[PDB]
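Going line by line, the protein sequences match chains C and A. Counted from 1, the first sequence has number 7 at position 7 by PDB author numbering; the numbering is strictly sequential. Counted from 1, the second sequence has number 874 at position 13 by PDB author numbering; the numbering is strictly sequential. We treat Cβ as the ideally placed atom computed from N, Cα and C, and that holds for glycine. Quick notes on the structure that follows.
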Amino acid sequence: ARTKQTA
Amino acid sequence: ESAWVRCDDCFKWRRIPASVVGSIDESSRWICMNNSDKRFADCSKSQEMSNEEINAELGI
Ligand SMILES: [Zn+2]
């Protein structure tokens, strides 16, 4: 699954 | 903090705890019903906020 998070 | 995961069935983005996101890699199937947050836990539920608002919250 695709995820996005703080860098 | 929060992270976001894309449902593999409807492709809406769902808010999840950042303490769990590392376990969801790109081979994993994840869908809305797997969400512990039952405001947003089936594919009929609208996405919490716009994509641009999500990216702003994440600072990306
Ligand atoms: Zn879904």
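Checklist entry - What does a CB cutoff of less than 7 Å around A/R875 pick up in its chain, not counting 5 residues either side in sequence? => result Here residue 875 of chain A refers to the residue found at position 14 of the second sequence. So the qualifying residues of the chain are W865, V866, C868, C893, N896, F901.
Checklist entry - Closer than 7 Å: is that where the CB of A/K899 sits relative to any heavy atom of ligand 1? => result Translated into positions along the second sequence, residue 899 of chain A becomes position 38. Result no, Cβ not under 7 Å from ligand 1.
Checklist entry - Could you give the distance in angstroms between the alpha-carbon of A/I921 and the alpha-carbon of A/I915? => result Position 60 of the second sequence, counted from the start, is the residue given in the question as residue 921 of chain A. Position 54 of the second sequence, counted from the start, is the residue given in the question as residue 915 of chain A. When rounded, the distance between both Cα atoms is 9 Å.
Item to check | Beta-carbon spacing of A/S889, A/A879 below 8 Å | outcome: As a working note, residue 889 of chain A is residue 28 in the second sequence. As a working note, residue 879 of chain A is residue 18 in the second sequence. Contact: no.
Checklist entry - A/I892 by DSSP, collapsed to three states: which one? => result Taking the second sequence and counting its residues from 1, one reaches residue 892 of chain A at position 31. DSSP places A/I892 in coil when its eight states are reduced to three.
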